[PDB]
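# Residue-level structure breakdown
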Amino acid sequence: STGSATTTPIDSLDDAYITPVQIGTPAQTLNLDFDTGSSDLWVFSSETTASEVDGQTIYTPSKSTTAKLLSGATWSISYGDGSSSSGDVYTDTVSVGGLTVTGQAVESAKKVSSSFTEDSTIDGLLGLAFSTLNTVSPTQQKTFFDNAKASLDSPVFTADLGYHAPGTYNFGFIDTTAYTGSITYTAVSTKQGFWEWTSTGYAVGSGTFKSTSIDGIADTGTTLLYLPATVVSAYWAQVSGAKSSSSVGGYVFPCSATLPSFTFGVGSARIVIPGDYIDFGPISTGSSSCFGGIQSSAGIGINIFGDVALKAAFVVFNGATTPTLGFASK
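Per the deposited record, the coordinates in this entry were obtained by X-ray crystallography to a resolution of 2.1 Å.

The structure is reproduced here in structure tokens:
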């Protein structure tokens, strides 16, 4: 079996992307934030504290005939953004782009953070990291991808994020129609439970490429590109007016300025993010300070290849057990 679903970003800066998903019987469709750096499928729900639900669409597990309590089961997550969520767990039929998975753990929130509560578009998260991360106690649960894998023609999915534009999540197959040239597959370390890989270096604009291993995670769940202090210094040094700010908490530049592109090495191949991608606009409404899309990783303890980087390449999460991350141009 295969499935493809259209993912659409949620505002003009492409802060996150949402993918529609069918849960229950009959079907309740929720826009989920596909997160390859977490391992929980959770949704706003019926149980969710009504001081904490907005225009978000809610999962009502009393209207699903496929839906059942996982009695005693409980979850609690923390995000690198400080994000906070928790509640109790159900098992229901979940469909993505016509790939049905039965008896999927659907983790219904009783409690959600300010972050999620102020986020109209997003209705919950679908984690596509490795199952060792999933938070549910006391019987730890599996991902949607974990549940789909054997049913799949191939045990892969692809991520093809758009810049100011929808794109696609494909499960089971690779569109040889979506990318240009060759896919360069690189080794994945599954130890931390991340899509965790080792980049072969970088260049800024038309500069010379420095060979140097950057260990980072592929994370569709993070907006920005998080790199180490050395690398991000060399980038923003090429932008006149670019400074690191105490208050705002990150590199800003003047909006009138010019972003030179960023290149990252995937073995022998090279992926340009063009400089357009790195402009995340003004720090506040009216401000002529704009916010940069490449920030230092020094404060979080891992380097994250988030949307800025992934949305410049056609990525493939090979979920074999020699698991392999592929990049191509698009």
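So, next bit.
The domain architecture assigned to the protein consists of domain 1 (5-174) and domain 2 (175-330). One C-alpha centre belongs to domain 1, the other to domain 2; they are set 25 Å apart. With 29 residues of domain 1 in contact, the opposing surface of domain 2 contributes 32 residues. The three residues of domain 1 that bury the most area against domain 2 are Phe-130, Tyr-163 and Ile-174, which together make up 27% of that side's buried surface. Put simply, domain 1 and domain 2 have two salt bridges between them. For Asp-160, the salt bridge identified is with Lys-330, shortest N-O distance 2.7 Å. At the junction of domain 1 with domain 2, the criterion picks out 15 residue pairs in polar contact. Of all the secondary-structure elements, those providing two or more residues to the side of domain 1 that touches domain 2 are β3 (28-35), β9 (156-160) and β10 (167-171). Examining the composition of the side of domain 1 that touches domain 2, we find that five residues originate from one element, β9, more than from any other. Its residues placed into classes, the side of domain 1 that touches domain 2 shows 18 nonpolar, six polar and five charged.

This part is about the nonpolar core. Within the largest apolar cluster, 74 residues are counted, with the highest numbers of intra-cluster contacts made by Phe-171, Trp-236, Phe-262, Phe-264 and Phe-327. When residues of this core are assigned to their parent elements, the largest contribution, four residues, is made by helix α3 (residues 229-236). The two domains that each donate at least three residues to this core are domain 1 (5-174) and domain 2 (175-330). If sequence neighbours within four positions are ignored, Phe-264 has contacts with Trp-197, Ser-199, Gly-201, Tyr-202, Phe-209, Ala-269, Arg-270, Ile-271, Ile-273, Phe-305, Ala-309 and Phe-327. Of all hydrophobic cores here, the second largest spans 13 residues; its members include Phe-44, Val-89, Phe-116 and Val-136.

It is worth spelling out the sheet that holds strand β16 (residues 250-254) at this point. With respect to topology, four strands assemble into an open sheet ordered β15-β16-β20-β19, the strand pairing being antiparallel. The sheet is open, and its two edges are formed by β15 (243-245) and β19 (279-282), each paired on a single side. Each neighbouring strand pair of the sheet contributes to a mean axis angle of 40 degrees, computed without reference to strand direction. The sheet contact formed by β19 and strand β20 (residues 289-292) spans two bridges and is antiparallel. Bridging from a neighbouring strand, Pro-282 pairs with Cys-290 of β20.

The next thing to look at is the UniProt feature "disulfide bond" in the protein. Here the UniProt disulfide linking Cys-255 with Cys-290 is intact, its two sulfur atoms sitting 2.1 Å from each other. In this pair, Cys-255 sits in the loop between β16 and β17 (262-266) while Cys-290 sits in strand β20, placing the two residues 35 residues apart along the sequence.

The next point concerns the pattern of salt bridges. Pairing between side chains becomes possible if they bear opposite charge and their charged atoms approach one another. Evaluation of the coordinates by the stated rule reveals three salt bridges. Among the ionic pairs, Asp-14 bridges to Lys-311, the shortest N-O distance being 2.8 Å. With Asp-14 in the loop between β1 (3-9) and β2 (17-23) and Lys-311 in the loop between α4 (307-310) and β23 (314-318), this pair connects stretches of sequence that are 297 residues apart. Comparing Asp-14 with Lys-311, the two get one shared label, buried. A salt bridge links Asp-146 to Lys-149; the nearest nitrogen and oxygen atoms lie 3.9 Å apart.

The next subject is the packing of aromatic side chains. Per the counting criterion, the structure on display carries 25 aromatic pairs. With a centroid separation of 5.0 Å and an interplanar angle of 25 degrees, the aromatic rings of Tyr-179 and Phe-314 are classed as stacked. Residue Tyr-179 is located in the loop between β10 and β11 (180-189), and its partner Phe-314 is located in strand β23; the two are separated by 135 residues in the primary sequence. Measuring from ring centre to ring centre gives 5.4 Å for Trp-236 and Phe-253, while their planes differ by 25 degrees; the resulting arrangement is stacked.

Residue placement: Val-248 occurs in the loop between β15 and β16. On the basis of relative accessibility, which here comes to 38%, the residue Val-248 falls in the partly exposed class. Spatially, the C-alpha atom of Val-248 lies 10.0 Å from that of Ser-284, the residues being 36 residues apart in sequence. For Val-248, the contacting residues outside a window of four places in its chain are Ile-283 and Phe-291.

A few words now on the environment of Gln-104. Tracing the backbone shows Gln-104 in strand β7 (residues 99-112). For the pair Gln-104 and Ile-23, spaced 81 residues apart in sequence, the C-alpha separation works out to 9.5 Å. Ignoring sequence-local partners within four residues, the contact set of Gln-104 consists of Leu-41, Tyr-90, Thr-91, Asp-92, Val-94, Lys-142, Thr-143, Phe-144 and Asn-147. For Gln-104, the side chain forms a polar contact with the side chain of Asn-147, separated by 2.7 Å.

Here is what the cut-offs are and how they apply
- Here the residue numbering is sequential from 1 along each chain as its sequence is written and may not follow the entry numbering; residues with no coordinates are omitted from view.
- Side-chain numbers come from the whole structure's heavy atoms, not from hydrogens or water.
- In this entry, domain limits derive from an automatic or database-based domain assignment.
- Any two residues whose heavy atoms approach within 4.5 Å at even a single point are treated as in contact.
- When two parts are brought into contact, each loses some accessible area as probed by a 1.4 Å sphere; the total of that loss over both is the buried area.
- For salt bridges, the criterion is a side-chain nitrogen of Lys or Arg within 4 Å of an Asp or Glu carboxyl oxygen.
- Side-chain atoms alone can form a polar contact between residues adjacent in sequence; in general such a contact is a pair of N or O atoms within 3.5 Å, and within protein one must be able to donate a hydrogen while the other accepts it.
- By the criteria applied, helices consist of DSSP H or I runs no shorter than four residues and strands consist of E runs no shorter than two, each listed in order from the N terminus.
- The residue classification treats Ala, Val, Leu, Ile, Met, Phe, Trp, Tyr, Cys and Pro as nonpolar and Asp, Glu, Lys and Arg as charged. All others, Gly included, are polar.
- For the purposes of this section, nonpolar cores are sets of buried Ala, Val, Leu, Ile, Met, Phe, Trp, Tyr and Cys residues that join through side-chain atoms within 4.5 Å.
- Accessible area is worked out with a 1.4 Å probe on protein chains only. A residue is then buried under 20% of its type maximum, exposed over 50%, and partly exposed in between.
- A pair of strands is treated as paired once DSSP finds two or more bridges between them.
- Fitting a line to C-alpha atoms yields each axis, with helices limited to the stretch in contact; the angle taken between N-to-C directions then spans 0 to 180 degrees.
- By convention in this document, the label disulfide applies to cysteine sulfur atom pairs within 2.5 Å.
- UniProt positions are given in the numbering used here, feature names are shortened, and annotations may be inferred rather than shown by experiment.
- The criterion for an aromatic pair is that two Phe, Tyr or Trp rings (for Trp, the six-membered ring) have centres within 6.5 Å, with stacked assigned to planes under 30 degrees apart, edge-to-face to planes over 60 apart and tilted to the rest.

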